[PDB]
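Reading the structure
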Amino acid sequence: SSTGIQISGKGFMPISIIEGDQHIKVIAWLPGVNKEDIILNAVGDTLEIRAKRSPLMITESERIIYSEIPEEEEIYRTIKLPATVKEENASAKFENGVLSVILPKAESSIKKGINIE
Amino acid sequence: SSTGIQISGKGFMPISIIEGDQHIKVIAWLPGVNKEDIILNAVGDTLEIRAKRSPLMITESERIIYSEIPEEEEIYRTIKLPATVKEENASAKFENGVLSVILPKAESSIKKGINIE
Amino acid sequence: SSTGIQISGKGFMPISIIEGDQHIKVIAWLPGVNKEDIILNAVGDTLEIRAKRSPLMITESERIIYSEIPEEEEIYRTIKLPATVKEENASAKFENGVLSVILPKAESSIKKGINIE
Amino acid sequence: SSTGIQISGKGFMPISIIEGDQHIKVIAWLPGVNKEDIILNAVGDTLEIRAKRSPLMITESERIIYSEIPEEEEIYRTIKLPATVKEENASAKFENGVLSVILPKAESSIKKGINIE
Amino acid sequence: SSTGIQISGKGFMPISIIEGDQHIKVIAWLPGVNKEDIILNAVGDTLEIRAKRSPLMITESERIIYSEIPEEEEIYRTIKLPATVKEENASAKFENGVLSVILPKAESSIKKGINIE
Amino acid sequence: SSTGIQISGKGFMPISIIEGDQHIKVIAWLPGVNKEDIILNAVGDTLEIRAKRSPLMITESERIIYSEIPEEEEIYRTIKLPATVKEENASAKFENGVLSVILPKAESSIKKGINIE
Amino acid sequence: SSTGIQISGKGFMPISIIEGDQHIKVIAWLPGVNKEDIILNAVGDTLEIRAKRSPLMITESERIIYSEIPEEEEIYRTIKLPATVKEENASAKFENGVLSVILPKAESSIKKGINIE
Amino acid sequence: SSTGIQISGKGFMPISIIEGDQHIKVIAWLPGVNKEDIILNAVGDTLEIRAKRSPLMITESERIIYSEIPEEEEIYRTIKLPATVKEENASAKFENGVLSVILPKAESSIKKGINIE
Amino acid sequence: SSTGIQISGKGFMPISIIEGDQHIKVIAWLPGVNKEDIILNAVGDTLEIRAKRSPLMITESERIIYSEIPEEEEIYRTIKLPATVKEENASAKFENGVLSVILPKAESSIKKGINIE
Amino acid sequence: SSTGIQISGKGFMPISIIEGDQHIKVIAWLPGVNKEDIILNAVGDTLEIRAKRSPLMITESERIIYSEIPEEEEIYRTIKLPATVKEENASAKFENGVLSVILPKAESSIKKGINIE
Amino acid sequence: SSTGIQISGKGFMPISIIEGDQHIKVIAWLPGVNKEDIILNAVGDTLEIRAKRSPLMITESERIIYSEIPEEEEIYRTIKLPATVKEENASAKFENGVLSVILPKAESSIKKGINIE
Amino acid sequence: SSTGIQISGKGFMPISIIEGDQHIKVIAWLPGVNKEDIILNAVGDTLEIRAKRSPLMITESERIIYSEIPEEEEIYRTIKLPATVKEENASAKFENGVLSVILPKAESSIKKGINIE
Amino acid sequence: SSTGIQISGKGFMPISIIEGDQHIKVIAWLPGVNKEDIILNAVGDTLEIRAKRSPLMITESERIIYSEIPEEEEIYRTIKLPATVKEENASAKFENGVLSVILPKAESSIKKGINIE
């Protein structure tokens, strides 16, 4: 999908991109991932997300009769945001397996209001 | 779909069923959902999963430019297990958006070894 | 169609099935039928509906040019609920051609509550 | 749509882009919009347009028998200009629901003199 | 198209028809039309709409790389209202390319609601 | 066509693009045009060719029975080089209806090699 | 191609056949060829044109990234004129890649008639 | 192909790109080529490689009865790696027909870690 | 492919077969494999080639964004030559990942030139 | 099927061929067969397997409601090995319905080795 | 057809091939041929059969109204046995239009048994 | 092409193979070839033919207007005979571009008497 | 086929036409043709070729297993040359199945020279 942005990565990790006037809020779904094991990195206009969930722990006495859950042990994504961001004050939160990153756009990238009529 | 088990429901909620000799471990993904908002009910060979995730909050100044996350605010599932369970003592955990339910099998439902010659 | 229930019958008889925690609410449309002419038959986990509306009353002086209303005078339907009900204490109300049937479910079928951690 | 330029947005808003030697004239139709409810944001070679019309208000006594006007209440567009413009001296006339934008291009983008020998 | 009324004309001129118990409100989008240029004739149940927008003026030094605005300079529509209107006291308003026409209906068309036994 | 470069234009104007380590050699065919009537423009990484040939001179006494020569009197083309050039010092030669254009590349683009271990 | 006249040859060489009253003017485009390299032969009502353009000279330091110009080093055309020509007085010019043929006289064609007296 | 990177060239030469947090590593297969006959060139985000293998020498008395090895004597590739390079200090190797370039990325691209509060 | 010979094996390993009067020269491409890890075995009219290249060494800190290089860790081929060879005195060379085998053909197999009248 | 070996026979009998430098190990599945009822014959480069499983005995009071086991009572296979074998000292085992044959290859086929420098 | 043997020939001559441990029994149908008119040629692993039956005897007083009997008066067939034969001691019997040919196999091919451990 | 025999080679060289009781006659057409530059080599059951004609020599003043003769300057064939031949006493005649080859077959191929009984 | 000349005839007889300034050289392949059997008729601009090779003689004891040489015993061709020739002094040579004919043109068609320069 190309609608002004490029998306890349590996595994099942749906994402939604929230665009504001002064910042870009990005939300990514990471079910079943531990807290400290995530790693997120962004610079300029580029963002990358890396994670590695543990496989389904199963005792030898048990078996997988039916499991449609994705099996990818390594998943990562990288998206080109439409504008440059300040990779210093950027902050993020991680609840219920959902990653909410807050990227304030660089001042030079911010758009300017145009007088009308 | 019928593969020895019946799966029913509405919305996006992937589930995996682990079958042991004495108990069933049911793994269900509910990313981005609050703990106190899910509800479960089980009896005989039936287990139902009902949940409702919060909507993608949006600020007045911001808008969603790209969001492939399913928007269904209410989702539920109902599955027929291959064996009866003792729901009185069943227990489940929910962390990092992964629902792990353990249902001990009923006495009559448990298999018995057969000697071989 | 197989979605946890069986649907069958004959004739024009649109019905709606509502499942509650402790009861089942069934809405059935019986337009153009008298109150003393309706009939219901329910037992265990099976519900069947029979009906027979009065045919058109038409004066000799007047003629019926166009009537999309189905003329089938004999109709019936049979639906299998997913759970057993206690028909002995069932009750129903019929108003404005709308039949409302409440079938309390059996304690064995009644789904218990399973806590989470 | 990509035909040497990129256009994005949501809703019905036909626009025309004129490329000149020293400026870019962009015409946008915002039929049935209030003047004080349109907003423009542009920087470098990027221009975005937001608008929000009131819905078709209807009196309680009357009912809409036929309306082919699309009902989309929120519409916006974002277009990538092929050349940088000086937003500080940009101007845009808006009359009779017709928006006309004139954007002087940056001197760096301006076409220079090639020897022809 | 036949939906109780016949619609005819030429060009892009989306219209909406609101039918009330005492009057009819007709809304027509006429973007890029001069106020002095619009004229209407309405009688009985018949309304004709004629308009001719000015052509897209382009400077010699500039070119059109992309212009999706309709090039049809002549557009007109005539719709047979289903009810007789009192055009002698009708009025209309035209703002922001939106033509609002208020056509009260002849007293014979007016009907008073009748209850039932 | 996308092969690291963009090609665009209008009319019959076959061109050849040669890339050198320090410069770019562009061959353009302009048959049937005088020397003072050829015109071109370029800047940075963008090259735009405009031309307009003399029409088919014909005497009244003679007639043109067959001419596959294109009659388009106005033609132009625009090609984007993969690297920036220093148009200020560019030079060109035009002989036998063949235009030769040399555009020295900018030092920023001028590639460099590395001693292969 | 056969359309009442026979045209033959090989390679890219657009031509125009002008049927004059006293001469037949034929314009041939031979872009990128030297003057002393073209060769023609004509007799009776037949004209054969042979040419051989220089190949695209390339320096060792430069390479061909893109070239749509025809590379065929040998091109020729041969046409059966509709009228007889006297080659002794034939004349031609080759400038701007334009090879024009005049064939100023066709003795047998001379319609001088006679003094009606 | 566009998947976050651009690949261009001519001939058979499989390449693999390795992405670290501090250096870009590119693996290129050049079987049957001499060490001193390859040439590499890069700048900014662009890397290009030119190479020429010796032809399959054949003795007068012998003939190639079966040869699926590609015969292209000149092959090259040009790829847009995702971040600028410090080629002043870049280095490579070539052994057993495998070309390995190591490209330290520019300070601008050195992705900076963000807190995961 | 069958043209008097049979080819078998596993993995990507293109080969070329040179046929001379007194010997058969076999060229096989083995990019990216060590010297002491190749193995050749021949007898009668049969030749087998076995090899096992190391996988792409990658540190945990780096990734493989794009790698079209074949991943087969074990590759081997076996071809039936058209004639018997003297495997005792055969010799082979290994240059830049290209394996050249020279197999003198058994004197019994050597073909006998016939003369013509 | 021809892939360097020829397989022939009749009935269901899957076979696997293991090739070593000095011996050939042939694995053949003969489930549900008695040991003394199989027959093997081998010479040159040919090996044939003939066997006959007992029928599914059925009691007078019982019937086969579902049996996908192939009913072929006589099955055999004949395969051409890639090398000659010394059948005089060959030996084979048969346990748990798996026939493991070991055929030492003849000295003629014992592939010798060639230097690689 | 390829099933370990080659079949070829011309004309109507149905044949059957039986393989024995020590011999080959070949049944060939030759209807309407005399005993002295048959001919066979066999050597090594190749067997060829030639025949030529008498034409349809017809009297002048009678006519032939329908004959599906093949009219080909010259027929022959050639079949390659999978194993070599000792034609020197071969024998055949021909009765009731059925040719029975027994070809003992050469000791080299006589498949030896192998003990089953 | 396989029709009971194998033919291999390159170029246009029609050949005919006649199989006899005591010999094999092979005819080959080599039009426009010299005698001293054709060569045959045969052994066992294999025959190969090499030939090399001079190209169509043309004077500088003349050009080829039409030539359907294939231009392949190097052509050769290699055919597997169905039976062994005695190359020591083989003979061939080549006249008027027509090559005739007669190869006496070996004693092993010769037919043997069969006892018709 | 029309290529400025009409080609007609029957059978396999490939021919090549070389057009020179002073003469035409025509090469015709006539394999299996006896020198005494060659016959040609040519006049003005028209040439006919007639030939009839000897049939493929086959011995009684031998058979044709495969003979792709053309069986057409009668073949002939007639081509209308585009220029008149002086057939009174023409000459030909026939070597190795190649018919070489030299036909000096008739001065009228010779084109003379066109002295443009």
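Residues numbered from 1 in each chain as written, not as in the entry; some residues may be left out. Chains lettered and ligands numbered in written order. Part of a larger assembly, values for the part shown. Heavy atoms only, no water.

Concerning the interface of chain A and chain B
With 39 residues of chain A at the contact, the number on the chain B side is 38 residues. Roughly 3,300 Å² is buried in total at the junction of chain A and chain B, and carbon and sulfur atoms are behind 64% of that figure. Of all residues in chain A, A:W29, A:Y66 and A:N96 bury the most surface against chain B, accounting for 21% of the area lost on that side. At the junction of chain A and chain B, the tally comes to zero salt bridges. Across the chain A-chain B interface, the total number found is 15 residue pairs in polar contact. Split by residue class, the side of chain A that touches chain B holds 21 nonpolar, eleven polar and seven charged. As paired elements, strand 2 (residues 15-19) of chain A and strand 6 (residues 63-67) of chain B share four bridges and run antiparallel to each other. By the bridge assignment, A:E19 is partnered in strand 6 of chain B with B:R63. (Contact = heavy atoms within 4.5 Å. Buried area = accessible area lost by both parts, 1.4 Å probe. Salt bridge = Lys/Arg side-chain N within 4 Å of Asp/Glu carboxyl O. Polar contact = N/O pair within 3.5 Å; in protein donor to acceptor, adjacent residues only side chain to side chain. Nonpolar A, V, L, I, M, F, W, Y, C, P; charged D, E, K, R; others polar. Pairing = 2+ DSSP bridges. Helix = DSSP H or I, 4+ residues; strand = E, 2+ residues; numbered from the N terminus.)

Some thoughts on the relation of the copies chain A and chain B
When chain A is brought onto chain B, the operation consists of a screw motion whose angular component is 180° and whose axial shift is 0.0 Å, with 0.5 Å RMSD remaining. With respect to symmetry, the two chain copies, as superposed, fit the operation of a two-fold axis. Closest approach to the rotation axis within chain A is made by the C-alpha atom of A:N96, at a distance of 2.3 Å. (Least-squares fit on C-alpha atoms.)

What to know about the side chain of F:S16
Checked against the element boundaries, F:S16 lands in strand 2 (residues 15-20). Every residue in contact with F:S16, bar those within four places of it in the chain, is listed here: F:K25, F:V26, F:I27, G:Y66, G:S67, G:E68 and G:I69.

With respect to the pattern of salt bridges
Evaluated as defined, the whole model comprises 41 salt bridges over all chains. F:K105 is the partner of F:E19 in a salt bridge, and the nearest nitrogen-oxygen pair spans 2.9 Å. Linking F:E19 in strand 2 with F:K105 in the segment after strand 9 (98-104), this pair joins segments that are 86 residues apart in sequence. Summarising the burial analysis for this pair, F:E19 and F:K105 share the class buried. Ionic contacts of the salt-bridge type, sharing partners, join the residues A:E19, A:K105, A:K111, B:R63 and D:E48 into one network. (Buried < 20%, exposed > 50% of the residue type's maximum accessible area, 1.4 Å probe, protein only.)

Considering the sheet that holds strand 1 (residues 6-10) of chain K
In a beta sheet, neighbouring strands are held together by backbone hydrogen bonds and run either parallel or antiparallel to one another. Residues and elements named next belong to chain K. Read from one edge of the open sheet, four strands run 1-6-5-4, paired in antiparallel fashion. The sheet terminates laterally at strand 1 and strand 4 (39-43), the two strands that pair on one side only. Between one strand axis and the next, the sheet turns through 10° on average, direction left out of account. Alignment of strand 1 against strand 6 (residues 75-80), held across five bridges, turns out to be antiparallel. From the neighbouring strand, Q6 faces strand 6, where its bridge partner is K80. (Axes fitted to C-alpha atoms, helices over the stretch in contact; angles between N-to-C directions.)

Concerning the UniProt feature "domain: sHSP" in chain A
Cross-referencing UniProt, the feature "domain: sHSP" maps to residues 6-117 of chain A in the present numbering. Taken as a whole, residues 6-117 of chain A contains 0% helix and 47% strand, while its terminal C-alpha atoms sit 35 Å from one another. (UniProt positions renumbered as here; feature names shortened; annotations may be inferred.)

Describing the relation of the copies chain F and chain G
Structural alignment of chain F on chain G gives an RMSD of 2.5 Å, achieved by rotating through 178° and translating 0.6 Å along the axis. Looking at chain F, 84% of its interface residues are interface residues in chain G too, so the copies touch through the same face.

Focus on the side chain of J:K105
Residue and element names in this part refer to chain J. Judged by its relative accessible area of 5%, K105 is buried. Reaching out from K105, the side chain makes a polar contact with the backbone oxygen of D21 at a distance of 3.3 Å. Those residues in contact with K105 that sit more than four places away from it in its chain are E19, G20, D21, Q22, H23, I24, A83, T84, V85, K86 and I110.

Digging into unusual backbone geometry
One non-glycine residue, B:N96, lies in positive phi territory at about 55°. Here B:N96 lies in the loop between strand 8 (91-95) and strand 9 (98-104). The phi torsion at M:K112 lies on the positive side, around 60°, for a residue other than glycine.

A short note on the interface of chain F and chain G
Contacts between chain F and chain G engage 32 residues on the former and 31 residues on the latter. In this assembly, chain F packs against chain G so that about 3,100 Å² is buried in total across both faces, 65% of it on carbon and sulfur atoms. On the surface where chain F and chain G come into contact, there are zero salt bridges. Linking chain F with chain G are 14 residue pairs in polar contact, by the criterion used here. Taken together, the elements giving at least two residues each to the side of chain F that touches chain G come down to strand 2, strand 3 (23-29) and strand 6 (63-67) of chain F. The greatest single-element share of the side of chain F that touches chain G, amounting to six residues, is contributed by strand 2 of chain F. In the side of chain F that touches chain G, the residues fall into 15 nonpolar, nine polar and eight charged.

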